[PDB]
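**Q** Take a look and give me a structure for this.
(4 chains, ligands or ions: 4)
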Amino acid sequence: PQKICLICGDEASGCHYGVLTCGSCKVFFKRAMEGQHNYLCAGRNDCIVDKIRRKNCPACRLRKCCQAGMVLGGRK
Amino acid sequence: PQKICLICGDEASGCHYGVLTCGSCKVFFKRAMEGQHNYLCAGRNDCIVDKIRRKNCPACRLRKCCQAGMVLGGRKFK
DNA sequence: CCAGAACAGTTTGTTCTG
DNA sequence: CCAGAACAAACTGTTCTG
Ligand SMILES: [Zn+2]
Ligand SMILES: [Zn+2]
Ligand SMILES: [Zn+2]
Ligand SMILES: [Zn+2]
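**A** Numbering: from 1, shown residues only, chains lettered A, B, ... in the order given. Ligands and ions are numbered 1, 2, ... in the order given. Shown next is the structure:
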């Protein structure tokens, strides 16, 4: 039918850092946790994270990753 | 003495399309108005437009541009 | 000076590799 | 199959031109 990324609703590529996600949320999460960016939502931590706008709010996209269960860790 | 962009609060470069802006807002405004995309704010049409985050929500940045008085035009003469 | 164009750096996303 | 690396397209911002 089609695997859907639990972060953004794009087509998922596989189970990454614990969660069914697309390729972009995969690198995103990795890059976000890794560098210290201190991302702050410019709205109210409310943002819809979807395919077209996922890059809009890194704070909300990262928060969604963390709530979906994504966890850092290199090749289990 | 430093001139402040009225859209994002960065340092302003001049008066562009009718208001005090930085060069990034200047082009953003023209690209946005001429592009094929009517941006949909993923929040509440409320977003803060400041230097670090101006890129975050093009819908709200464009809204802020238009509300500030920015208007498309060609190269006008005095 | 400022709009538009051209150029350039930054960012996000996709394909390659072990 | 999946992390991480290498690659690449897309997007945002800066310097050049009339
Ligand atoms: Zn995704
Ligand atoms: Zn947000
Ligand atoms: Zn600005
Ligand atoms: Zn917004």
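**Q** which parts of chain A sit against chain B?
**A** A:40-44, A:46-50, A:52-53, A:56-58, A:60 (C-beta under 8 Å from any C-beta of the partner chain). For every residue, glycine as well, the C-beta is placed using N, CA and C.
**Q** ok, and the most crowded of the residues you listed?
**A** The residue in the residues of chain A next to chain B with the most neighbours, by other C-beta atoms under 10 Å in any protein chain shown, is residue A:56 (29 neighbours).
**Q** Surely it touches residue B:60?
**A** No. Look at residue A:56 against residue B:60 with C-beta atoms under 8 Å: they stay out of range, at 9.8 Å.
**Q** Just confirm yes or no for stretch A:25-40 near ligand 2.
**A** No. Stretch A:25-40 does not reach ligand 2 (C-beta under 5 Å from the ion); its nearest approach is 8.5 Å.
**Q** hmm, who's touching stretch A:5-15?
**A** A:2-4, A:19-26, A:49-51, A:54, A:61, A:64-65, A:68 (C-beta atoms under 8 Å, 6 or more residues apart in numbering or on different chains).
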